[PDB]
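Here's the structure we're looking at; comments come further down.
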Amino acid sequence: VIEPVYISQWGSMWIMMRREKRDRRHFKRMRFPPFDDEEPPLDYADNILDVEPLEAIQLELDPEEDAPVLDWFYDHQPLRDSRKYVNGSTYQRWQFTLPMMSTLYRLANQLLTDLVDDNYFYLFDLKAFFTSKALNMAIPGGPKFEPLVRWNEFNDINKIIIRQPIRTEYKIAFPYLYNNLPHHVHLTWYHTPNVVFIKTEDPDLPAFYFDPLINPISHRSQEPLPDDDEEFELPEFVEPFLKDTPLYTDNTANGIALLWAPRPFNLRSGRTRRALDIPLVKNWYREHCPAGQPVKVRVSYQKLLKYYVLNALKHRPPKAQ
Amino acid sequence: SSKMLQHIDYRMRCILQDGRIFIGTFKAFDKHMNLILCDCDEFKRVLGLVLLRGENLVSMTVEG
Amino acid sequence: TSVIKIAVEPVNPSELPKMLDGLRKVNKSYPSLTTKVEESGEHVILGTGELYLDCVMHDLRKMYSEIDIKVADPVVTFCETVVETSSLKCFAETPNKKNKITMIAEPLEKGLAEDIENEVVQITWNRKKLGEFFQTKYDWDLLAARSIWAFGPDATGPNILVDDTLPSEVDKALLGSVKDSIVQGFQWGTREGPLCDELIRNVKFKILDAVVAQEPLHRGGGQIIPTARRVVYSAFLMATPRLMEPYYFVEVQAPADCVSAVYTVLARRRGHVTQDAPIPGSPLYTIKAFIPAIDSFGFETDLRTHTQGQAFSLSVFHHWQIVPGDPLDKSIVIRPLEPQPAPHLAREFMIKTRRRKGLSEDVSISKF
Amino acid sequence: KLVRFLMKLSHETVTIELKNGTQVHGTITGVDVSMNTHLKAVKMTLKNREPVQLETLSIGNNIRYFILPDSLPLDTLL
Amino acid sequence: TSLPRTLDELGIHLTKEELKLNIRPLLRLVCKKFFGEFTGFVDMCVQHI
Amino acid sequence: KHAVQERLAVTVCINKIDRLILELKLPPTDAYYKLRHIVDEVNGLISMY
Amino acid sequence: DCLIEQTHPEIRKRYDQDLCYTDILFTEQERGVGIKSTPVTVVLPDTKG
Amino acid sequence: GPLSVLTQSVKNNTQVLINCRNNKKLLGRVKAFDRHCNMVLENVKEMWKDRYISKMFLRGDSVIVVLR
RNA sequence: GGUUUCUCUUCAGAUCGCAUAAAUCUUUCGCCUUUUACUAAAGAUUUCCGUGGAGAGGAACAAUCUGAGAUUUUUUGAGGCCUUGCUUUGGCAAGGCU
């Protein structure tokens, strides 16, 4: 399956199951087992092949707003026929157009995150979790593990001044500075430059527009200028390169937003993946815990992240075979 | 054609197609290396403000 | 300035020379690194910042030594200044009891310490040029300006050796003969420092009397310099000195929502905002602030933890300020692990520094 | 091509032999697009006469031959 | 739509697989082919350093 | 400040100009104003150091 | 890295990652920050070649 | 064009003799030519006596004829 | 100077896999009458579901397509001509020449 198509399809499915519990007055739960122990396996031709299937979930798509994905969004093979999009019937590599990624990126807003950089994951990253397991201290929001390993005059009270506590975050961030015997420690990334990305609401605003959320410049000694129109008037047929080209399109800001779209949504071409091989809600537990949570979902976050760190740690480069 | 700014104040000596070499203060020049050199003395006479063309100036040097 | 101080120690005393070879390797490979061995056998490293020193210790633990080496707590280093003048016209004399030197230590002015440290004024100038510098903008007397002999613990350090002696101007040829040895005694005294072995700064050392025998010779051949050191130490003792703490300047690129949270972490770490402004042409804010260097240990880490890494701070050594506590109050109770309050801070700082390498106690009449 | 190679090697010492026989050998100050180029410390030997050491000599296409130094590889301008 | 039109307006010829690339390395290649090599920095550090 | 003390010829390149464009979406007049203010503050800092 | 991509013909930056040519210690790659300064000697052409 | 490229290839593979208009018959490797016949010759002995010049640049007005 | 697709062979050294399981063994544990079945950490290997590059064969559709291919400044007439030195006979080393 193609990853943004599959993700936007499941975001739509999420929207209609939200609608179905929010709109159905009385849901009826299903019997288990659906057949009795005396009920035999029925014949497909006698029961199912001769009858018509009922309706699937299948939201109506906008002819105006969901225009490129309007036809093939609910196919098992959406664009396998189209040679301009895929290689053919193997359904291996997809090569696409910007407005359908804009439409799918708009449609998949429920499952997708809103973060723009890894600076949100300051010490909540995989290198920090490897450091936390290898040195056997943990964040209260972070998962816990087994100990990996299982008099000093530096511990003299008359040579130690205590002003601020040297907590977990400090020893994680500077392990050679703070943790004696640092073994198998994975150093974290430092501060990337912060993404300050303007997000537009309406296409009425231009793609080169001063956002009032940006603080104003308030800019405040002469310039080395030549003689004004006394020498070097420009000749005939000299012009800016794209003077004939217009300034911006409505899909220009869509492509600007698609640049800061996440990893399955900032791509024009790629390979299709197995739907077992695509983890859809990985971002939902790869973020922090939200507010108002009970104990059980935070333990759920910690255990899911714990096995995610274990799977990331036990990755090996595969052999030839 | 581009040596006028280096000798816009200093004196230069250039040899014309006649073989006469004149040293004088180049005050102005044209785009085809036709340099008007004021107070030009040819090696002995005086040519005044002499516009020596680029094809005429086979050899030249900075005298002043 | 390499101001952060860390003690370091190998687990194995058999592998103690190997980490010493690695210490020469990291001191060779790093320009601003300072490696020292104290009287207690401890190895004190002075560095710029915590990330820099963690990189140095990582290089030592991985490449330059294969030995696992214990690391103590990071602290800072201080200087020594004074508040009031020396209340006694205090003296010492040579081991051959002929040359008697009397001198007092007093606080310096505001811009003089940073001017000498930035070499705005030099001893390489003319004495009249130095007097014009001290008389135009610092409004000194010309006699006090021509009385200036030497600057601080090193080349152009922030102590001013004023030699204005009308009782000893009757033998000013002998005074100029012993002037150089007085200069090395003053340089050695301000280099060592008798409080907790820190460098002496912002002190004007005014000489009052010099009862020196004519042509000391045998007692002038290496005895004036410890006599002048005793004079500097003894004049520093009753001059009510204070410890002198470096401060750190912090510049913060922050989103505008968590500004009160940054203020809360500043209240937690005793920091005060110089100025907060929005960035011109950017929606974020820049916060300029000042913090104690002791409280600056991972203020960036705590701020990124509180602001989820959105607020990013960078700090530098900026300047020095006095510690508000008193170092020489023997009546101050000090707990060895509880964080002391602000009047008890400097007392704890001098006790632990004196316990770190030498004798813990301090005597105000140890020399004189 | 050759003008680009002269502009690239217009700092080294070369000899420019004019059509009048004046051979100016010295360091190149700057090579223009045309043959009028400025040289530095050129010992301009005259036609069957002595040399004159000119610190600034600007050349018209009278300069015919150009004996270039060895500061030019085969793929330096290729 | 108008990217090969812009390419011909800049006088740049590119293949179809370069137009089928993702946006950031394609934009890096477009800016590299537009500005050539780095020469303003060379003039910056020769004429003024 | 250290270049003023070390007395070396300093030229300035303005990097990451795409953050004004793709990431900030500035008007060309406002981007020119920001760059001119950057040049003005660098010139003022050179004046006062 | 852009100057190395200009000069060295076979050395190109990958699409996913930004390479760091001067950062040659492994600690710089681990931390994701420049640590130790690096000299490079190269032949560079200007606009005039 | 193609004839100049063939003459440059013959000069690279052999000793080409170019007799310029300044009476300079140079036998050697002509490194490059031009559209204005700005010819650069690498290690060519020119007779004005075949004195060897390591790199000689000549103009098309000052050149007359070439040969392989 | 086709494409799609299928099969086989070969190299898989890239996150071969923007995914992730299991097994054995060497051990530490948790549990603990004992046997599998156990708990979670490490080391040592493996297996499975996938994967990339190359080549061959086959099939169906393009059936070509796709490439490659002047006078007027400074890059062409200021062109001719003579004597002495040398003729080294293509004219050369010096002078007055238009």
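Note that each Cβ is placed from the backbone with ideal geometry, even for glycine, and that neighbours are counted across all protein chains shown. Each value in this text was obtained by applying a stated rule to the coordinates, not by laboratory testing.
Data overview
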{"item": "Cross-chain or 6+ apart pairs with Cβ under 8 Å, segment C:159-182 first and at negative phi, then exposed (fewer than 13 other Cβ atoms within 10 Å of the Cβ) and in a helix (DSSP H, G or I)", "result": "C:164/C:143; C:175/C:169"}
{"item": "Qualifying residues in segment H:25-60 (those that are facing another protein chain (nearest Cβ under 7 Å) and more than 18 Å from residue H:6 (Cα to Cα)) - the one surrounded by the fewest Cβ atoms within 10 Å (Cβ to Cβ)", "result": "H:54"}
{"item": "Residue that is farthest from RNA strand I (Cβ to nearest atom) [pool: residues in segment D:46-68 that are closer than 13 Å to residue D:21 by Cβ and buried (at least 19 other Cβ atoms within 10 Å of the Cβ)]", "result": "D:65"}
{"item": "Exclusive hit being of a type in the set (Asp, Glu), out of contact with any helix residue (DSSP H, G or I) (no Cβ under 6 Å at 6 or more places or on another chain) and not in a loop (DSSP other than H, G, I, E, B), set G:10, G:30", "result": "G:30"}
{"item": "Qualifying residue in segment D:11-22 (condition: more than 7 Å from every other protein chain (Cβ to nearest Cβ), within 16 Å of RNA strand I (Cβ to nearest atom), over 22 Å from residue H:33 (Cβ atoms) and acidic (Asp, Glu))", "result": "no"}
{"item": "Count - residues of segment B:21-64 that are surrounded by fewer than 16 Cβ atoms within 10 Å (Cβ to Cβ), within 14 Å of chain D (Cβ to nearest Cβ) and part of a strand (DSSP E or B)", "result": "0"}
{"item": "Residue G:41, sole failed condition from (1) within 13 Å of chain A (Cβ to nearest Cβ); (2) over 10 Å from the mean Cα position of the chain (by Cα)", "result": "(1)"}
{"item": "Residue list for segment A:181-234, filter: over 27 Å from residue C:54 (Cβ atoms), touching a helix residue (DSSP H, G or I) at 6+ places or on another chain (Cβ under 6 Å) and not β-branched (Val, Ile, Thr)", "result": "A:203, A:207, A:210, A:219"}
{"item": "Scan of segment F:17-29 for residues that are more than 13 Å from chain E (Cβ to nearest Cβ) and either in contact with a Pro (Cβ under 8 Å, 6 or more places away or on another chain) or surrounded by 12 or more Cβ atoms within 10 Å (Cβ to Cβ) (or both), ordered by number", "result": "F:19, F:20, F:24, F:25, F:26, F:27"}
{"item": "Segment A:175-187 residues that are under 17 Å from residue G:26 (Cα atoms) and at the interface with chain C (Cβ under 7 Å from one of its Cβ atoms), paired with ones that are away from RNA strand I (no atom under 13 Å from the Cβ) and outside any helix (DSSP H, G or I) (beta carbon under 6 Å, 6 or more apart)", "result": "A:176/A:182"}
{"item": "Residue within segment C:102-118 that is among the β-branched types (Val, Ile, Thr), within 30 Å of residue F:49 (Cβ to Cβ) and part of a loop (DSSP other than H, G, I, E, B) present", "result": "no"}
{"item": "Some residue of segment D:25-40 being closer than 23 Å to residue H:32 by Cβ, within 11 Å of chain H (Cβ to nearest Cβ), in a loop (DSSP other than H, G, I, E, B) and not polar (S, T, N, Q)", "result": "yes"}
{"item": "The one condition in (1) among the acidic types (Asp, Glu); (2) in a strand (DSSP E or B); (3) crowded, with 17+ Cβ neighbours inside 10 Å that residue C:171 fails to fulfil", "result": "(2)"}
{"item": "From the options C:98, C:128, C:110, residue that is surrounded by fewer than 17 Cβ atoms within 10 Å (Cβ to Cβ) and either of a type in the set (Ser, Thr, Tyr) or farther than 29 Å from residue F:4 by Cβ (or both)", "result": "C:98"}
{"item": "Set D:78, D:57: member being within 14 Å of chain H (Cβ to nearest Cβ) and farther than 22 Å from residue H:24 by Cβ", "result": "D:78"}
{"item": "Contacts under 6 angstrom Cβ, first residue in segment C:292-315 being under 20 Å from residue C:341 (Cβ atoms), partner part of a loop (DSSP other than H, G, I, E, B), 6 or more apart", "result": "C:292/C:270; C:294/A:163; C:295/C:269; C:295/C:270"}
{"item": "Residues of segment C:156-200 classified as charged (D, E, K, R) and touching a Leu at 6+ places or on another chain (Cβ under 8 Å), total", "result": "5"}
{"item": "Residue, nearest to RNA strand I (Cβ to nearest atom), within segment A:164-187, restricted to residues that are in contact with a strand residue (DSSP E or B) (Cβ under 8 Å, 6 or more places away or on another chain) and of a type in the set (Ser, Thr, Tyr)", "result": "A:176"}
{"item": "Residue satisfying all of: in segment A:66-108; within 14 Å of chain E (Cβ to nearest Cβ) and among the hydroxyl-bearing types (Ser, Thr, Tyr); nearest to RNA strand I (Cβ to nearest atom) among these", "result": "A:85"}
{"item": "Residue list for segment G:13-27, restricted to those being part of a loop (DSSP other than H, G, I, E, B) and either more than 21 Å from residue E:28 (Cβ to Cβ) or within 14 Å of chain A (Cβ to nearest Cβ) (or both)", "result": "G:15, G:16, G:17, G:18, G:20, G:23, G:24, G:25"}
{"item": "Pair list, Cβ under 6 Å, 6 or more apart: segment B:1-29 residue basic (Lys, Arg), other residue within 13 Å of RNA strand I (Cβ to nearest atom) and in a loop (DSSP other than H, G, I, E, B)", "result": "B:3/D:36"}
{"item": "Segment A:254-270 residues that are over 15 Å from residue A:103 (Cβ atoms), paired with ones that are surrounded by fewer than 19 Cβ atoms within 10 Å (Cβ to Cβ) and basic (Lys, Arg) (beta carbon under 9 Å, 6 or more apart)", "result": "A:259/E:24; A:260/A:199; A:269/A:93; A:269/E:20; A:270/A:93"}
{"item": "Listing of helices (runs of 4 or more DSSP H) fully contained in segment A:95-186 that carry 1 or more residues being charged (D, E, K, R) and surrounded by fewer than 20 Cβ atoms within 10 Å (Cβ to Cβ)", "result": "A:98-107, A:126-135, A:168-173"}
{"item": "Residue match in segment C:344-358 (condition: among the polar types (S, T, N, Q), under 29 Å from residue C:88 (Cβ atoms) and in a helix (DSSP H, G or I))", "result": "yes"}
{"item": "Residue within segment A:138-153 that is away from RNA strand I (no atom under 16 Å from the Cβ) and facing chain C (nearest Cβ under 7 Å) present", "result": "yes"}
{"item": "Condition met for residue C:222 (more than 16 Å from residue C:112 (Cα to Cα) and in contact with an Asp or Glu (Cβ under 7 Å, 6 or more places away or on another chain))", "result": "no"}
{"item": "Those residues of segment H:11-68 which are in contact with a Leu (Cβ under 9 Å, 6 or more places away or on another chain), β-branched (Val, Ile, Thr), farther than 18 Å from residue D:15 by Cα and away from RNA strand I (no atom under 15 Å from the Cβ), in sequence order", "result": "H:16"}
{"item": "Spans of strands (runs of 3 or more DSSP E) in segment C:1-81 with at least 1 residues in contact with a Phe, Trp or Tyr (Cβ under 9 Å, 6 or more places away or on another chain)", "result": "C:4-10, C:43-47, C:69-76"}
